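Here we start with a single chain on its own, the form deposited in one PDB entry, put down as structure tokens.
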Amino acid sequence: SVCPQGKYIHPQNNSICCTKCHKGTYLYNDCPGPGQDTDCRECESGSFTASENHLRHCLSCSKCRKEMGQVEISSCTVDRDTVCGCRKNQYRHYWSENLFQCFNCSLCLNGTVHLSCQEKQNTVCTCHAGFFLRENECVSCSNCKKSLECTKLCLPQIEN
């Protein structure tokens, strides 16, 4: 025994086919027989189900990582999980396959953009003569001092 599309095989009796629960709800109890309803309860706050199903629990909403500078794009609803991301002018730096931190795309004031900021990489910015790139900005050489790793960048230029 198999079931028609949209139905599932009863866990305790394989000769019974039950209709799946609508997204936004979860399986409270399997249907008791052919032509009888599957009992589906609405997901509690903080949980959801995005497709027709027969799960015994709704999924807990995903949480965004505030420490990584993440913001909530969309809030979690009974049939829609939380959507986490970054601001429009920010890019993502993945520390791992699914762990990303939001970083500001360099505006490159007093510099030349050689490659626009991308989804996963910062703007490629070349600061103009008299400035050096640090802390995502083009900083004036008048602030350069020993140990700031700027001495050579600030010395007269050389065509090497």
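C-alpha atoms forming the largest set that superposes within 1.5 Å between two forms make up the rigid core. Only residues modelled in both forms are compared. Numbering starts at 1 and follows the sequence shown.
- When the C-alpha B-factors of 30-38 and 111-119 are averaged, 111-119 comes out higher.
- When the mean C-alpha temperature factors of 6-14 and 139-147 are read from the deposited coordinates, 6-14 comes out higher.
- Of the candidates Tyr91, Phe131, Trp95, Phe48, the PDB record gives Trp95 the highest C-alpha temperature factor.
- Between the residues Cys105, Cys64, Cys127, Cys58, it is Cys64 that shows the highest Cα B-factor in the PDB record.
The protein also exists as the form deposited in another entry; that form is not presented, and the subsequent description refers to it.
- Superposed on the rigid core, the two forms differ between this form and the one not shown by 2 Å or more at the C-alpha of one listed residue only; from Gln36, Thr112, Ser60, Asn29 that residue is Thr112.
- After superposition on the rigid core, the Cα atom of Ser47 is displaced by less than 2 Å between this form and the one not shown.
- Remark: with the core as the superposition reference, the CA shift of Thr19 between this form and the one not shown stays below 2 Å.
- Whereas the displayed form keeps them at a certain spacing, the CA atoms of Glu135 and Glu72 lie at least 3 angstroms farther apart in the other form.
- Relative to the displayed conformation, the Cα-Cα distance from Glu97 to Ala50 shrinks by 3 Å or more in the other form.
- Core superposition between this form and the one not shown reveals the following runs of 3 or more residues with every CA shifted by 2 angstroms or more: 93-100, 112-141.
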